[PDB]
Amino acid sequence: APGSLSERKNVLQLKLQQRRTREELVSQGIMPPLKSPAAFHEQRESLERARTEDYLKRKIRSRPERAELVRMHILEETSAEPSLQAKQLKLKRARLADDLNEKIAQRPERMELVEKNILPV
Amino acid sequence: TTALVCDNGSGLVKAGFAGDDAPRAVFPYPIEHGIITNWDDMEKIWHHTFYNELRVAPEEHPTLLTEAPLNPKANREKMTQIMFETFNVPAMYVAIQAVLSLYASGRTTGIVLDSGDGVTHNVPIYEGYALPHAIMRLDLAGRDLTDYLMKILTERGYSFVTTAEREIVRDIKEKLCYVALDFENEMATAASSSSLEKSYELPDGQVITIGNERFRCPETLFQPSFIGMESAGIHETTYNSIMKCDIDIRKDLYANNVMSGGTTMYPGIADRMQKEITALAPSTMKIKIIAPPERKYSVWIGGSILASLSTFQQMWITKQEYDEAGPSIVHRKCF
Amino acid sequence: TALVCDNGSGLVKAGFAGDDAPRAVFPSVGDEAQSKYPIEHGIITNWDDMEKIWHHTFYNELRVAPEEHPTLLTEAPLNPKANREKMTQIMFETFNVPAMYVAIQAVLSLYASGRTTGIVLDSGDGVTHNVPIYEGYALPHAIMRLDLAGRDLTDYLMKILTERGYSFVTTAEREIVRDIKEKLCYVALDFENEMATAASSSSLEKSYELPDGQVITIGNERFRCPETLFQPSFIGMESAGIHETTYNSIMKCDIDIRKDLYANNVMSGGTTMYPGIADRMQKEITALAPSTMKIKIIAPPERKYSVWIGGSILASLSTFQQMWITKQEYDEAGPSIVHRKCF
Amino acid sequence: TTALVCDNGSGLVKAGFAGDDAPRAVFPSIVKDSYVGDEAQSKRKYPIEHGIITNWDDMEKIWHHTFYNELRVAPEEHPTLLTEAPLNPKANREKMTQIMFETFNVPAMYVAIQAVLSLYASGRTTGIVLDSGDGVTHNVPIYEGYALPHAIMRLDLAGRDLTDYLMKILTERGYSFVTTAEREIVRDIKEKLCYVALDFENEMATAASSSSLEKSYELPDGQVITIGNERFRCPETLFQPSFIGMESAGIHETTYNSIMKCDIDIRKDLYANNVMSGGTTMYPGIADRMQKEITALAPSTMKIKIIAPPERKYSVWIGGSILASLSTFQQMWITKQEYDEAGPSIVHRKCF
Ligand SMILES: Nc1ncnc2c1ncn2[C@@H]1O[C@H](COP(=O)(O)OP(=O)(O)OP(=O)(O)O)[C@@H](O)[C@H]1O
Ligand SMILES: Nc1ncnc2c1ncn2[C@@H]1O[C@H](COP(=O)(O)OP(=O)(O)OP(=O)(O)O)[C@@H](O)[C@H]1O
Ligand SMILES: Nc1ncnc2c1ncn2[C@@H]1O[C@H](COP(=O)(O)OP(=O)(O)OP(=O)(O)O)[C@@H](O)[C@H]1O
Ligand SMILES: C/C1=C/C(=O)O[C@@H]2C[C@@H](CC[C@H](C)/C=C\CC1)O[C@@](O)([C@@H]1CSC(=O)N1)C2
Ligand SMILES: C/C1=C/C(=O)O[C@@H]2C[C@@H](CC[C@H](C)/C=C\CC1)O[C@@](O)([C@@H]1CSC(=O)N1)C2
Ligand SMILES: [Mg+2]
Ligand SMILES: [Mg+2]
Ligand SMILES: [Mg+2]
């Protein structure tokens, strides 16, 4: 109860094996990274922040227009709404393959063409 | 006179101020699965955030809100409506969580894995643009994991079912669980020796002991079947998501796989995801998995960062703009 | 399932029938080689080399059992009967593919467009064709070839960046210039005028950051390089510009279908990705054609893979799942069978 | 074969043996050629003011005096655990190591972070320590036995300063202490009579209101002086450094900030595990007060617990002892062999 020198020793030995590795703890954002400087985690942070802020503030001005992505086939063209898209596109491909099916199915024989004044004997 | 960042999570609001490198307030369902379903409830949540957590004049600060991938236009418009009419916020803006997470990573192109409390998405994003047709949802999230850990601590004899007991098990999850590199092998080794089991002291002093459960719970993320789902594992879903993107930016994506959200904190989830994604992808593919230590709050941080840019000042939605164009304005301004 | 291999001049696009866009695209082994051309101009010239390419596709890119999947291959307009029969032979005897089939790239491109009649402009890496197709039939007598393609364009861009002082000649440097081409080049609507405006300033000149951080800057070269497609003379050719060749190709066809052809002008192949190439082609084709002619240019945003996609779509259509060439058919009739089955 | 625990304080070395419930020897940390500690005080410079070892020759003499005169032992015969201050420079630790091994041929040795030892003695591995000694005061948040440097707080306002300010305010009472001897007198007065008040303004009001607050103190030369609100004003300095001219924030504020400079996740744990150590935390009431303040700065739904072991005047050292005594711990000393094979650098890998 008092924290007798011997009992004080057992809780410790039992809690010092209950312990994760600090590697694991910066791994979880409790620890700052081993290897950086102990004083100056603050400034270090500030600085990496800046670095990022600069990148964002630039990459932002250059930001393309949706349209330009569509030009490139990044975003599907063009309506309707984000959620429907996924499906809508599957509907598109499906309906097209179908509309192609009969189209090729009912494909004239060569002589149809030849007599139709297209292509030689 | 600065900006507020509010990430409305399935399980946890993260609110704070533009600039700071972490949310000041984080507190605990009208947004299960990531989409705002109950607007009265939600309105009360926002009130509590504005007045009780951040203790601020909602009319005095611009507000950046987060929304889930594939939030319906109607939804965003509603958020906007409420911010402007129920809070007379000077201005405001709505952002896609996954995207914010990516920005905080210091990128504009990559594929995010955002696994929070009630939902998990894969969002491929390009120069800020999330590619909807490739987005993946996966209603298996953190809660579910907590549950399954309860339901498997059962085989050990322990019986947690109280809401309070649930919370206990959650803490156990967070403290001891971990994704294994090779699951079958990790099971083999599980039996082989001890050194794997750990000890956990309940609130009431009683010490329980946990074994392979540690790595089986999170394994659910890779095998949804473990909790009865025909869905594919997060890694598979990632792969599929990538592949649904234009063939040219594929490379950029395999090379820029950023993880966010609480549920991605499990030790080893990175190396594992690497293993799997690597195995599914073309043998000559650069594959990189980014797992920022700060990712339990990726989103919110990104939010902050963004709301802080001098550039970004030009793109807020002013109260005036809203008056002149109504909620619809959102669709033109935030994207 | 079924495979779809587009054995391009300088890229192989191989994927699985069904889904849109291939899985593997690699230089025509391939990249890993790049870390150390048997189909220049579009026709398979070296069969040993080609066989190695197919092996690499089957086993390294797609990682599949060649014996377990039917294979659809692409061939160039006017591929010699002997050639097709060789492809067939190799697929069946060197890969024991369950079945297979050979298709005309341009035609596939057209199908993917959702058509069976129209005139395709397929401009890849080593060759550019005009192929008029009617009810799913390519009209050979009207087909146009044009050995001016994408590589040539890359080269000429190098050769003109020279006037700017820059000196790219390494293979690596070539690749750099290629990327520059893809990222910055663009076909101009009015060339003379675009030159005038070029001198006239504002947003024309772009910057471009080399791998080693150094930023170079590019001007009218941007639109001059691709202009070569319309004036082959720019790189020393007595050939007519792609638009002229298109016109001639149409004209070399029966006059009834000509209306159809001018209203269904579909573009495919990488080299057709240059911004504005459509509007320009419209302008020119319009100016060469009869004043009362409906003229439409179709430029699907994903034409960089038109062909291959078509390949997919086609091999999905229930109908076509009857034309395949079964190993049995091949055994009973030899390579010749191809000419009866694929057309 | 029994280990030695040595806590090198700004003002007071605490040395002794592993196992022992409190340090055998405790002597002033100052320095016929050289007189150390108490003998030095007798006739007629502090090499560790502020907590960091600045003079190595002096320090070496201090260690010699500890090894040979206080503990009377064979330095070559006992492993030695030393304490170091939060944020001791890698070079410093390496120097300590060097001197222990080459100047004392100690069989083995190890260096530990005071605040952390204090925490261990509390029976914890996670919490935020307030260690307020003689020459320096720190806030050290520690998690699973690891001190979080980026959140550590230093505060050069410590015990000495308090003694001084008590002198400088006994002046308003007419008394004039300035002799080094007189200083010591005032120190004793501080330790015996001073105390942190719960509400300072109010405690002043009550100070005037009635007597019952003043106490009587007999100087060495029989003469009895009497002390009033000085009692609670001196230690109040810890909460208002301004009292002695400092733009620094009060220990409570600094504690708060230190917590805040930490992972939001672990904060709850920090708030409910606030352990105090070091002499200057012995003032009666400092606990309840710290509770008040920390409570007022923190989120209204926060479990806040202040731990003040009545023995904290030696928290550190005890912890040290405890630790040096664990069977487990025997595997992570630094052997003379290890040192020979890897040089002082070794310390950074072994102690942390
Ligand atoms: N260290 C951890 N390891 C594993 N899971 C954790 C850890 N810490 C928190 N979690 C889990 O993460 C989940 C919450 O993370 P998060 O804050 O991203 O959810 P949310 O924000 O409310 O939902 P969303 O991310 O979709 O907006 C919780 O269920 C929590 O149990
Ligand atoms: N955005 C672009 N703009 C202009 N040219 C491009 C662009 N992208 C790719 N190219 C060029 O397209 C060419 C390749 O396209 P393609 O894949 O059609 O060639 P190929 O398939 O190997 O030959 P073929 O089409 O005849 O089978 C390359 O030379 C490439 O440089
Ligand atoms: N009962 C007391 N009340 C208030 N202060 C006290 C009391 N007893 C001792 N002190 C003061 O505590 C100070 C010393 O405590 P401590 O031993 O922790 O200092 P130190 O160990 O030399 O420095 P450090 O703790 O930084 O290592 C002395 O200034 C002393 O006057
Ligand atoms: C990115 C890419 C584009 C491409 O189409 O490249 C293909 C394949 C390539 C083969 C060598 C190259 C070093 C390897 C890979 C480049 C592949 O040759 C090309 O680049 C040639 C060379 S210049 C040109 O425009 N085409 C075409
Ligand atoms: C009993 C005791 C207490 C102490 O903590 O004292 C230590 C050590 C001391 C050294 C000089 C002194 C004459 C020698 C021994 C005093 C030791 O200085 C201190 O008293 C300083 C001076 S004022 C003060 O409070 N700290 C700290
Ligand atoms: Mg989130
Ligand atoms: Mg082609
Ligand atoms: Mg101390």
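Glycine also receives a Cβ, built like all others from the backbone with ideal geometry; neighbour counts cover every protein chain displayed. The values are calculated or read from the model by the stated rules, or taken from the named source; no laboratory instrument gave them.
Selection of segment B:17-26 for residues being within 14 Å of ligand 6 (Cβ to nearest atom) and assigned to a strand (DSSP E or B) yields only B:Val26. How many residues are within 22 Å of B:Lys175 (Cβ to Cβ) and buried (at least 18 other Cβ atoms within 10 Å of the Cβ) when one looks only at segment A:27-56? Matching residues across segment A:27-56 total 6. Has segment A:26-39 got at least one residue that is basic (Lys, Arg) and at the interface with another protein chain (Cβ under 7 Å from one of its Cβ atoms)? No, segment A:26-39 contains no residue that is basic (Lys, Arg) and at the interface with another protein chain (Cβ under 7 Å from one of its Cβ atoms).
Residue by residue, here is whether (1) away from every other protein chain (no Cβ under 14 Å); (2) aliphatic (A, V, I, L, M); (3) more than 16 Å from ligand 3 (Cβ to nearest atom) holds:
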residue: D:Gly9; (1), (2), (3): yes, no, no
residue: D:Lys14; (1), (2), (3): yes, no, no
residue: D:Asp20; (1), (2), (3): no, no, yes
residue: D:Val31; (1), (2), (3): yes, yes, no
residue: D:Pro79; (1), (2), (3): yes, no, yes
residue: D:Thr103; (1), (2), (3): yes, no, yes
residue: D:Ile113; (1), (2), (3): no, yes, no
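Filtering segment D:300-322 down to residues that are in a loop (DSSP other than H, G, I, E, B) and buried (at least 16 other Cβ atoms within 10 Å of the Cβ), which residue is farthest from ligand 3 (Cβ to nearest atom)?
Within segment D:300-322, the first condition is being in a loop (DSSP other than H, G, I, E, B), and the residues that meet it are D:300-305, D:308-311.
Filter again for buried (at least 16 other Cβ atoms within 10 Å of the Cβ), leaving D:304, D:308-309, D:311.
Values: D:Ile304: 23, D:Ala308: 12, D:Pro309: 13, D:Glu311: 11 Å.
For segment D:300-322, the residue satisfying everything is D:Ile304.
Select, from A:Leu56, A:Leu47, A:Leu25, the only residue that is within 30 Å of D:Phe329 (Cα to Cα) and either part of a helix (DSSP H, G or I) or not assigned by CATH to the domain that holds A:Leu89 (or both). Reasoning before the result, please.
Numbers: A:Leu56 fails: within 30 Å of D:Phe329 (Cα to Cα); A:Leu47 fails: within 30 Å of D:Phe329 (Cα to Cα).
Being within 30 Å of D:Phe329 (Cα to Cα) and either part of a helix (DSSP H, G or I) or not assigned by CATH to the domain that holds A:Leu89 (or both) holds for just one of A:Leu56, A:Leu47, A:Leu25, which is A:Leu25.
Can you confirm whether D:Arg289 is of a type in the set (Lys, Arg) and over 20 Å from D:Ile142 (Cα atoms)? I'd like the intermediate steps shown before the answer.
Working: of a type in the set (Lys, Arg): yes; over 20 Å from D:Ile142 (Cα atoms): yes.
Criteria met by D:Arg289.
Determine whether C:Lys283 is away from chain A (no Cβ under 14 Å), under 22 Å from the mean Cα position of the chain (by Cα) and either within 16 Å of ligand 7 (Cβ to nearest atom) or not small (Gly, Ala, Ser) (or both).
Working: away from chain A (no Cβ under 14 Å): yes; under 22 Å from the mean Cα position of the chain (by Cα): no; either within 16 Å of ligand 7 (Cβ to nearest atom) or not small (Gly, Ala, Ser) (or both): yes.
It is false that C:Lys283 is away from chain A (no Cβ under 14 Å), under 22 Å from the mean Cα position of the chain (by Cα) and either within 16 Å of ligand 7 (Cβ to nearest atom) or not small (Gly, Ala, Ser) (or both).
Kindly indicate the residue of segment D:97-135 that is of a type in the set (A, V, I, L, M) and over 26 Å from D:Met276 (Cβ atoms) and also farthest from ligand 2 (Cβ to nearest atom) among those meeting that condition.
Our first condition is that a residue be of a type in the set (A, V, I, L, M); within segment D:97-135, this holds for D:99-100, D:106, D:108-109, D:111-113, D:115-117, D:119, D:121, D:128-130.
Subset that is over 26 Å from D:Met276 (Cβ atoms): D:99-100, D:106, D:108-109.
Values: D:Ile99: 69, D:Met100: 68, D:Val106: 71, D:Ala108: 68, D:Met109: 67 Å.
Among them, the one singled out is D:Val106.
Does B:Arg170 satisfy the criteria of being under 18 Å from the mean Cα position of the chain (by Cα) and in a strand (DSSP E or B)? It is false that B:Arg170 is under 18 Å from the mean Cα position of the chain (by Cα) and in a strand (DSSP E or B).
Is it the case that segment B:251-262 has a residue that's within 16 Å of ligand 2 (Cβ to nearest atom), within 13 Å of another protein chain (Cβ to nearest Cβ) and either within 21 Å of B:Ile96 (Cα to Cα) or within 13 Å of the chain's Cα centre (by Cα) (or both)? Break it down into steps so the answer makes sense when it comes.
Step one: of segment B:251-262, the residues within 16 Å of ligand 2 (Cβ to nearest atom) are B:251-252.
This time we only want the ones that are within 13 Å of another protein chain (Cβ to nearest Cβ), so: B:251-252.
Right, trim to either within 21 Å of B:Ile96 (Cα to Cα) or within 13 Å of the chain's Cα centre (by Cα) (or both) and you get B:252.
The answer is yes; a qualifying residue exists.
For every residue, the table says whether it meets (1) over 26 Å from C:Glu329 (Cβ atoms); (2) out of contact with any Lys or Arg (no Cβ under 7 Å at 6 or more places or on another chain).
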| position | (1), (2) |
| --- | --- |
| C:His55 | no, yes |
| C:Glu68 | no, yes |
| C:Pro80 | no, yes |
| C:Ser113 | yes, yes |
| C:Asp125 | yes, no |
| C:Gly136 | no, no |
| C:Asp155 | yes, yes |
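Every test in (1) within 26 Å of A:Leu84 (Cα to Cα); (2) part of a strand (DSSP E or B) is passed by B:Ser10 save one, and that test is (2). Of the set (1) more than 7 Å from every other protein chain (Cβ to nearest Cβ); (2) surrounded by 12 or more Cβ atoms within 10 Å (Cβ to Cβ); (3) among the small types (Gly, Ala, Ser), all apply to A:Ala86 but (1).
Conditions (1) closer than 14 Å to C:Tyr137 by Cα; (2) aromatic (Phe, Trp, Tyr); (3) within 12 Å of chain B (Cβ to nearest Cβ), marked per residue:
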| residue | (1), (2), (3) |
| --- | --- |
| A:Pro64 | no, no, yes |
| A:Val70 | no, no, yes |
| A:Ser79 | no, no, yes |
| A:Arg95 | no, no, no |
| A:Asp98 | no, no, no |
| A:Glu109 | yes, no, no |
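Whenever a residue of segment A:1-16 is at the interface with another protein chain (Cβ under 7 Å from one of its Cβ atoms), its partners that are surrounded by fewer than 16 Cβ atoms within 10 Å (Cβ to Cβ) and in a helix (DSSP H, G or I), lying with C-beta atoms within less than 6 angstrom and at least six residues away or across chains, give the pairs A:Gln13/D:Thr328.
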